[PDB]
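In case you want the letters, here they are:
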Amino acid sequence: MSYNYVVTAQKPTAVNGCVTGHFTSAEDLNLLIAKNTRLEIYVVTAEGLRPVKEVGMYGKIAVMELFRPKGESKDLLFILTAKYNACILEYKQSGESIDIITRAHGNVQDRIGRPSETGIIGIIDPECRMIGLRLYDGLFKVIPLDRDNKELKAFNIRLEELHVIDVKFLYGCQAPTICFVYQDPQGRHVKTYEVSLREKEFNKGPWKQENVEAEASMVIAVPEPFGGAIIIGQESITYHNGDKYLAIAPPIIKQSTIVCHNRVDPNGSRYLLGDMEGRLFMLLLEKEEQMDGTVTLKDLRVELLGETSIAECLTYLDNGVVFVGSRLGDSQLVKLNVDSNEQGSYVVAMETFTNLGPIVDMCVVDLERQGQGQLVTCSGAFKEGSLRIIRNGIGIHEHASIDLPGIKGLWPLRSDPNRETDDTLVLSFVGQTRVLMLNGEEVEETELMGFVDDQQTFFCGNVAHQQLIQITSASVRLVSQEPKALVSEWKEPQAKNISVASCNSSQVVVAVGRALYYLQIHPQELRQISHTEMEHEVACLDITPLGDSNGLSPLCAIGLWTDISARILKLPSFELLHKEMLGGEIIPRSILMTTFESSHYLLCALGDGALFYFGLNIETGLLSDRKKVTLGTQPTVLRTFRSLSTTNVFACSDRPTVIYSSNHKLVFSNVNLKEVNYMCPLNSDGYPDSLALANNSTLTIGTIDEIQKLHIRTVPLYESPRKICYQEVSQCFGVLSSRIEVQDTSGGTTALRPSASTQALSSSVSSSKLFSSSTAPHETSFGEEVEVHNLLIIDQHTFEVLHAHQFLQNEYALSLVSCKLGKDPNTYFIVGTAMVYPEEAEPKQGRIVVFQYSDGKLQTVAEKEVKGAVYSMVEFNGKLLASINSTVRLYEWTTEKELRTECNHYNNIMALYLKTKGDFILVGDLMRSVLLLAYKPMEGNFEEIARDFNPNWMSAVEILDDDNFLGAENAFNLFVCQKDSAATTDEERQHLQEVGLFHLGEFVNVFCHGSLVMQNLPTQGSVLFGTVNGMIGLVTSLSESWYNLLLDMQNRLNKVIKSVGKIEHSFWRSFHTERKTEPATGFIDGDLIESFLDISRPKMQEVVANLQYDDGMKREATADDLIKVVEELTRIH
Amino acid sequence: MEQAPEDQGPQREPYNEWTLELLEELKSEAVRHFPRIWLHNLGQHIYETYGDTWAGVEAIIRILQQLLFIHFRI
Amino acid sequence: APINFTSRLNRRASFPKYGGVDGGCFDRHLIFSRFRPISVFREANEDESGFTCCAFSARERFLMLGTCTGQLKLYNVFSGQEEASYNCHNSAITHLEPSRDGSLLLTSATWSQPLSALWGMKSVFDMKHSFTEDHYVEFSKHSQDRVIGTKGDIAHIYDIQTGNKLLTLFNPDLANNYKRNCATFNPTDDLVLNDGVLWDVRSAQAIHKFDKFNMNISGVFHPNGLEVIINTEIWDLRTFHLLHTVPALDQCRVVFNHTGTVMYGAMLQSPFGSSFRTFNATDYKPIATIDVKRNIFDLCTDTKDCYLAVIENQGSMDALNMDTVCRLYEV
Amino acid sequence: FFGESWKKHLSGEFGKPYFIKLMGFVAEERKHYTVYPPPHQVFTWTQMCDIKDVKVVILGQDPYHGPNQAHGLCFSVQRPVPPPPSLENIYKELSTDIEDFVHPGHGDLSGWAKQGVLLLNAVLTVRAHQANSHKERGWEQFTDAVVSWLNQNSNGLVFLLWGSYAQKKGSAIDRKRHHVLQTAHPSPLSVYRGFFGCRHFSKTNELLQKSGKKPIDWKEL
């Protein structure tokens, strides 16, 4: 009886992998990024990096590789998922409509066999002869590349070798030769096989197999004129090619393990090598002219270029422009200067890209306060490790907040025509207008000669030929900039008053109900051009010029009375171009034709707070794709504004919204404000690139945030973050850390760089003894890398390191909690640690330390020694519940300010996860699924209520309610267990039925309750999660009726939506562990349901076919019926 | 899930008549691997400890029946 | 990759899956080196228990046990209760193989003719068919539609519906005379390993004779369908090249786990072990040797890598004082 | 309820220091364990026919250790107690030896006793479930004496000694004054084939005719 809904609140932000080649066209240098389930396509411009298309995948992108098969226009892309879905995709765009076609597809999983625990290796032959796959051990799967392989069928070659480190297809050979480094008892070696496609077997094998040093990790196929292969893996670089052998052991590379590489220069000459420390090097192949006519390799050079983000993969993009693709931290753009820096660093930072991955820990707070839920994360690892503060919506930074009530309009001006900085602000009122002078950062009242102040303003602002303009209730005024004096005045033929007006730099459009006048802008004159007599009165009109440089608008938007028709007109024609019937009786209020990405659109607001957006046809004048977005309750006012060379729209309602495009799809990210009646973009001297905002009372001027669905504040730590808590009382955060120091000659260890743990205001060190130590040693070392664990005290607002407490040598901090315990009124910061020794395989010792951030220091309150690692801790109603290896201890807090052991539970292998719900406890084990305990107060101990026996390797757990519990497993699944306390037999009662099943595709680390939406009152429940790829998600509860409805809708939706690689959603989301592969049940993919709004309207009607809902009372469904259903669901995250 | 079948197999049957017959089928099969002097000697043992009961019958049918099993497994 | 699990686990969220390299190998080297006995199953109302075979119900609710007296009892795993008793053979149940689906069940005895049978496991417990002269019977590994009976050095193949003999695999010249020979089906069903001679089921033709180095052990197929394991020597099924010599694997009743990740060895020749080995399947490195401290008679495991049933003789292997109970382990 | 004909004869034993110890043991044994057969039943072998009227004698070992089973005669079990294995085995010999014999459908050998067949056990009492329990205690010495008197006093008896133990009790009897008939023990535990096919019952009746005594109607039970 559990029914749950699952939606991604935040897409994965980690670079799983990236390639350069020519994908969109053979001229374009494309950059492609794998962000697990998402594929990001970009064009490498002189300017930087242009977005193109981003597309989701019914799988985890296992192998991404661009290849140009003989007989192809542009490079094709091969994709393989972790679920084994192979496919060849082709980029194809019909001008504006961008679509990714599946050139072929199939599931390459071997019916029987266990996949190599090392991971998938995907390699293509330079000639495009076949796709080499190492999926399963002792087998080399070969996908032939011949035309008729639409079903992507492969075969295997028994690869005697087993446990292959890395294999690359070799350059400069007739026979498709594979060169690989393989591990065998005798040590690591390099070997060569030819791949006979005809005989479906291998053949010896260019040069004889040579031996390579045991730390050989990468095999780089060197292209011709060089040939052969380079074998990276510190402390040596080697070149193997027939009988030629070069070996370079540079002193430099020695310190760190090189992880990725990129060919700078195609001929082989220049190569970029990046390591786990974020160092960037240059591997330089000395092209030797040798003799006649043979091109040999003279020597190899290794030079250091400086430091970048920890690179998961580097990608050079020409002009010393390299993209440092980081999974472990912020991805970046790097410049390589021809000459050395002051420091000696050729690396020049260009741009940085947000990367919440890996989301180690999470928590939900209310820092600004009142109903606004904000998330804080432990994101990144090593130098790249930071803290991220995710806020829902886009907030405005005020700089001016004047007191004006009942403001009916705001407009910016340039009083002096010499300056580019704004100096004026015009404010419309019911029956009046007022002028504001902005002499620097000081704003005072003025009057601008030639402006009527005894009438209401409809439009104001500077126009062409060094002149200003005003449109009033009565007349339209023209003012000369030098000197200030009226130059023209437009009168209505029969002295009638202007109802609604619009303007640009050269055109004016005014309305007198059914009368519609068009005026032009000339030096010292208001030249009237035309006039049309409608059906009814006009509610709104717009003349914003879009494209290309002309300054003039070729068309005019129109809103009419009673009928409710959003009509388009041609300028100066006044010809009824396109009429969209919206119907009803509710009147439109504000229309605006605007350009996003590069594409044109039209917008329309209604008196009920409902918007309509269409596709504005370039020169045509048609309205394609009628969509509906329900916003406010009050009518909406629409205005354009520039933020970092981007023209976005601001929709003024009781529900303020910022309209913008992302991936050519219209976004409606909200504003962190009460209600805006009128907006204005203001770029002054004192207030530059800010914006004026007014409502029912109080005018404010300020700068808007970076326009995104969620706002992320980064706090760099220069070390690894681990766990977070919030001591509301102490107005701070408690963070766990880890820095690396290397065992030097002089003393023990020396640190690598300065980190948040060293750069603290108040520093501390753990003076504790407990562990003798030695017994038990502790070899040490001698050039070994050691971890240094610290607890950090972070300020609620400055986020500076108020205090850092360093733990013992070889000590790891694993779990912290902030809470009030027992009869104690003090709020404590409690940490669980472990004594980690590299030699040993499991820690047999650790400690629970209690702290309190009183005043400005971190004091050691209480300490308890444990015989294992404290994997987790919970606030269990005055008590502290703790996980120590194979035990679940309930610690009672005493008067003596100490930890006493109340009761224990042992039926777990390695109990790594803990959750509470009053008397119930949920335990998540290393391999044995979940288990449910309940403290029997009168008995004074735990009672196992039910267990799950399934061998599910846990990632995270969570209590949904007293009878339903959710878990995350290492094979990227979600599951929900039910408790049937009612069942006929004990055997059944003591059993947790896996009622919910779902393959999520993400590795869940953190599961915490609450929402980011401003809660004040469709679905009942809220669980947020954080993954390794930096994805942020949400799980919520559904009723039987709604589940049954949304499930029918999923099965309906699945038919309609086109997959990338033709992958079945039912399969993709089907529960998948080594063992079971069962259809996902009791779960609703929110991400698929939320795609219903995105899709086509006929495709929406295709959904409702004969959709009947019992909400024993049959009510019929239409496309509009459902749009509202989904509309609720989108507002839930 | 779940439920066990219905025993509509072998049934006993008219026991004692059967028990007696199984003992003498087994007694011979035992004799083809074990010296008939040791096997008798095991019978008395059983007889002194159990008596002329059926309970004692089944317990040579068990002892015999087990030896043969180990023998088979070697 | 790290050795210390806590460090491995810290790298597991980094860095997933299994933290660094070799998983996983460490995780299985930790997990399958650990076994807690959680319950015993004593025979009905007899003062002395006489189990000879252990096997789980297909759905694994009951753990099915064979008596020495030729019976079969299904004990409810959770409850403990003997839910039901069925009279199978007239001699000591040596083998039990529940049809994956749980419609059928195979049985082997000690000396009573018939030595093997197929029984209805659904609603009514009937005898379906008998294999009289076959001392060991095993189901076809694919979708179990055939039965692979052995008769010493000779193999046999039967249809579960008809109950009729189809093939008789034997070549007296290629034969090795492996004492405890057992003809087994390949993971794909198309091959048979019998008396150290690998055969082709469809052609009914011999493929290879894996040179004699052992005297009792016939061997099994690895579930990769790539290798074959004749006692120690690990051979390749297509190449016949020796791959590795696992000296720890000598004289072992080997049985892979459900996922085919860990091997369970049972040392034999009182005969059989008091202990059992486990190894990592991926690279034949031993994991542990567990001294059950009691003479084991059989050993089985569930799909869930949760329970380990073992038939342990409670008290010295004297004709009289023989009490074969069934013990249960956790992991 | 000892039988007067035998009481006026065996009586001399009661006074013996072996018999006093045996009675006192049996006494204290019933004060602590349930001993079979119960008092009146211990001596039914005597109260069935007169010591003089006995023609045939069969030697048993131990009583039946189950409730309401043990009744005074060897290989005899009360109604509705099913026959013990040896009896089921002995009955099976009667069908392959005596013409008009049917399975009597019960285990009660009252019939043979009234008719002149002595069904005397070496041991006369046992603890419930404890097999030989009251073993080398006294009982054997008393029955050894009962046996001695029939050898020394009565003439032309048919001694049916089945199995090594009973055979050893009869070693003292001469095949020249009496008729000693010996074979293996009826019990199916034997391993040693013997009793099956011996025709001891027909032989009893043939030898009765040579003596001129009334034959045994084996069918009367």
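Basis of the calculations
- Residues numbered from 1 in each chain as written, not as in the entry; some residues may be left out.
- Chains lettered and ligands numbered in written order.
- Heavy atoms only, no water.
- Residues with missing side-chain atoms left out of burial classes, pairs and counts.
- UniProt positions renumbered as here; feature names shortened; annotations may be inferred.
- Pairing = 2+ DSSP bridges.
- Helix = DSSP H or I, 4+ residues; strand = E, 2+ residues; numbered from the N terminus.
- Axes fitted to C-alpha atoms, helices over the stretch in contact; angles between N-to-C directions.
- Contact = heavy atoms within 4.5 Å.
- Salt bridge = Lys/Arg side-chain N within 4 Å of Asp/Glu carboxyl O.
- Nonpolar A, V, L, I, M, F, W, Y, C, P; charged D, E, K, R; others polar.
- Domains from an automatic or database assignment.
- Buried area = accessible area lost by both parts, 1.4 Å probe.
- Expected span 1.5 Å × (residues − 1).
- Buried < 20%, exposed > 50% of the residue type's maximum accessible area, 1.4 Å probe, protein only.
- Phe/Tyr/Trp six-rings, centres within 6.5 Å; stacked < 30°, edge-to-face > 60°.
- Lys NZ or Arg CZ within 6 Å of the ring centre and 35° of its normal.
- 1 Å grid on protein atoms, 1.4 Å probe; cavity = no way out; pocket = protein on both sides within 12 Å on 5 of 7 lines; lining within 4 Å.
- Points joined across faces, edges and corners; volume = space filled by probe spheres on them.
- Polar contact = N/O pair within 3.5 Å; in protein donor to acceptor, adjacent residues only side chain to side chain.
- Core = buried A, V, L, I, M, F, W, Y, C linked by side-chain atoms within 4.5 Å.
- Arc of directions from axis to C-beta.

Its PDB header attributes the entry to X-ray crystallography and lists the resolution as 3.49 Å.

As recorded by the PDB entry, chain B carries the name Protein Vpr and is attributed to Human immunodeficiency virus type 1 group M subtype B. For this structure, the PDB entry title reads "The X-ray structure of the DDB1-DCAF1-Vpr-UNG2 complex". Regarding chain B, the UniProt comment filed under Sequence similarities reads as follows: "Belongs to the HIV-1 VPR protein family."

Under the PDB entry, the name given to chain A is DNA damage-binding protein 1, and the source organism is Homo sapiens. Entered under Pathway in the UniProt record, the comment concerning chain A runs "Protein modification; protein ubiquitination." Under the UniProt heading Sequence similarities, the entry covering chain A gives this text: "Belongs to the DDB1 family."

### Description of the sheet that holds strand β4 (residues 38–44) of chain A
Residue and element names in this part refer to chain A. Taken together, the four strands give an open sheet; going across it, the order is β2-β3-β4-β5, and neighbouring strands pair in antiparallel fashion. Sheet topology places β2 (17–21) and β5 (49–56) at the edges, where each strand pairs with a single neighbour. Geometrically, the sheet is characterised by an average inter-axis angle of 20° between neighbouring strands, direction not taken into account. For β4 and β5, the ladder comprises seven bridges, and the chain directions are antiparallel. Directly across from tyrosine 42, in β5, lies its bridge partner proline 51.

### Considering the interface of chain A and chain C
Contact residues are listed per partner, giving 59 residues for chain A and 50 residues for chain C. In this structure, the connection of chain A to chain C is made through eight salt bridges. A salt bridge links C:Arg238 to A:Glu201; the nearest nitrogen and oxygen atoms lie 2.8 Å apart. Secondary structure elements with two or more residues in the side of chain A that touches chain C: β67 (785–795), β69 (811–820), β77 (911–917) and α1 (986–989) of chain A. Looking at the side of chain A that touches chain C, its residues break down into 33 nonpolar, nine polar and 17 charged.

### A short note on the sheet that holds strand β70 (residues 827–835) of chain A
All names here are of chain A. Across the sheet, which stays open at both edges, the four strands sit in the order β69-β70-β71-β72 with antiparallel pairing between neighbours. The outermost strands of the open sheet, each flanked by one partner alone, are β69 and β72 (857–866). With strand direction ignored, the average angle separating the axes of adjacent strands in the sheet is 25°. In the sheet, β70 pairs with strand β71 (residues 846–854) via four bridges, with the strands oriented antiparallel. Across the sheet, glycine 832 pairs through a bridge with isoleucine 848, a residue of β71.

### As for the domain arrangement of chain A
Where interface size is given, it is often the accessible area lost as the parts come together that is meant. All names here are of chain A. Taken domain by domain, chain A consists of domain 1 (1–14 + 356–392 + 710–1037), domain 2 (15–355), domain 3 (393–709) and domain 4 (1038–1133). Placing the centre of domain 3 and that of domain 4 at their C-alpha centroids yields a distance of 40 Å. Taken residue by residue, the interface counts six residues in domain 3 and seven residues in domain 4. In total, about 500 Å² of surface goes out of reach between domain 3 and domain 4, with carbon and sulfur atoms giving 29% of it. At the junction of domain 3 with domain 4, the criterion picks out zero salt bridges. Sorting elements by how many residues they give to the side of domain 3 that touches domain 4 places strand β54 (residues 623–630) first, with four residues. Its residues assigned to classes, the side of domain 3 that touches domain 4 shows no nonpolar, one polar and five charged.

### Regarding helix α6 (residues 139–152) of chain D
The end-to-end C-alpha distance of α6(D) is 20 Å, a good match for the 20 Å that 14 residues give at a rise of 1.5 Å each. Along α6(D), the positions that sit buried rather than exposed are D:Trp139, D:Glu140, D:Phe142, D:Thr143, D:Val146, D:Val147, D:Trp149, D:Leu150 and D:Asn151.

### What to know about the packing of aromatic side chains
Working definition: an aromatic ring pair is given by the centre-to-centre distance plus the angle between the planes. Taken as a whole and assessed by the stated rule, the structure comprises 59 aromatic pairs over all chains. Aromatic side chains A:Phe180 and A:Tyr182 sit 5.6 Å apart centroid to centroid with 75° between the ring planes, which places their arrangement in the edge-to-face category. Taken individually, A:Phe180 and A:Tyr182 each receive the classification buried, so the pair is uniform in this respect. Members of the aromatic cluster, connected to one another through ring pairs, are D:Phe2, D:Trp6, D:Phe14, D:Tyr18, D:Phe19, D:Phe43, D:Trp45, D:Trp139 and D:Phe142. Cation over ring: A:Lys60 sits above A:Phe972, and NZ or CZ is 3.9 Å from the ring centre. If you follow D:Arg127 out to its NZ or CZ, it ends over the ring of D:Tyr33, 3.9 Å from the centre.

### Quick notes on empty space enclosed by the protein
Any empty space left between the atoms is revealed when a probe the size of a water molecule rolls over them. Counted as a void, the largest cavity has a volume near 80 Å³. The wall of the largest cavity is formed by 14 residues, among which D:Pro37, D:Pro63, D:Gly72, D:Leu73 and D:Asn121 lie closest to the centre. For the second largest cavity, the calculated volume is near 50 Å³. Lining the second largest cavity are A:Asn907, A:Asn908, A:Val923, A:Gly924, A:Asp925, A:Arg928, A:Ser929, A:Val930, A:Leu931 and A:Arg947. Looking at the lining of the second largest cavity, the elements that each hand over two or more residues are β78 (920–925) and β79 (930–936) of chain A. With three residues, the single largest contributor to the lining of the second largest cavity is β78(A). For the lining of the second largest cavity, the per-class residue count stands at three nonpolar, four polar and three charged.

### A short note on the interface of chain D and chain B
Each partner contributes residues to the interface: chain D has 20 residues there, and chain B has 24 residues. Across the chain D to chain B interface the summed buried area is about 1800 Å²; carbon plus sulfur atoms make up 59%. Sorting the residues of chain D by area buried against chain B places D:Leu189, D:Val191 and D:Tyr192 first, and these three jointly supply 38% of that buried surface. Applying the counting rule to chain D against chain B returns zero salt bridges. Here chain D is connected to chain B by six residue pairs in polar contact.

### Quick look at the pairing of strand β81 (residues 954–959) of chain A
Residues and elements named next belong to chain A. Here β81 lies mainly inside the structure; six of its six residues are buried. Note that β81 and strand β82 (residues 964–969) share five bridges and pair antiparallel. Across the sheet, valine 957 pairs through a bridge with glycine 967, a residue of β82. Counting the residues between successive antiparallel strands, the hairpin from β81 to β82 contains four residues.

### A closer look at the nonpolar core
Residues and elements named next belong to chain D. Membership of the largest hydrophobic core comes to 66 residues, with the highest contact counts inside it found for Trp45, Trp139 and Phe142. In terms of residue count, α6 provides more of this core than any other element does, six residues in total. Sequence-distant contacts of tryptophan 139, that is, excluding residues within four places in its chain, are made with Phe19, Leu22, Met23, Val26, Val42, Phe43, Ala122, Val123, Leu124 and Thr125.

### Some words on helix α2 (residues 17–30) of chain D
Think of an α-helix as turning once every 3.6 residues; residues three or four places apart then point the same way. All names here are of chain D. Across its 14 residues, α2 extends 20 Å between first and last C-alpha, which sits within 8% of the 20 Å expected from 1.5 Å per residue. Turning to α2, its buried residues are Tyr18, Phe19, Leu22, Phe25, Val26 and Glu29. Along the axis of α2, the buried residues cluster in a sector spanning 125°; they form a single face. Away from the buried face of α2 by more than 90 degrees, exposed residues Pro17, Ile20 and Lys21 are located. Buried residues along α2 sit in contact with β1 (35–36), β4 (126–127) and α6.

### Describing the arrangement of the chains
Contacts are most numerous, across the three pairs of chains in contact, for chains A and C. Note that chain A does not reach chain D: the shortest distance linking a C-alpha of one to a C-alpha of the other is 38 Å. Separated throughout, chain C and chain D approach each other most closely at a C-alpha pair spaced 13 Å apart.

### Focus on the pairing of strand β37 (residues 432–439) of chain A
The side chains of a regular strand alternate, residue by residue, between the two faces of the sheet. All names here are of chain A. Of the pairings in the sheet, the one linking strand β36 (residues 424–429) to β37 comprises six bridges and is antiparallel in character. Its bridge partner lying in β37, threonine 424 is registered against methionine 437. The loop that links β36 with its antiparallel partner β37 comprises two residues; one of these, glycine 431, has a positive phi angle of about 90°. Across five bridges, the pairing between β37 and strand β38 (residues 442–446) is antiparallel. Its bridge partner being in β38, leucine 436 is matched across the sheet by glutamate 445.

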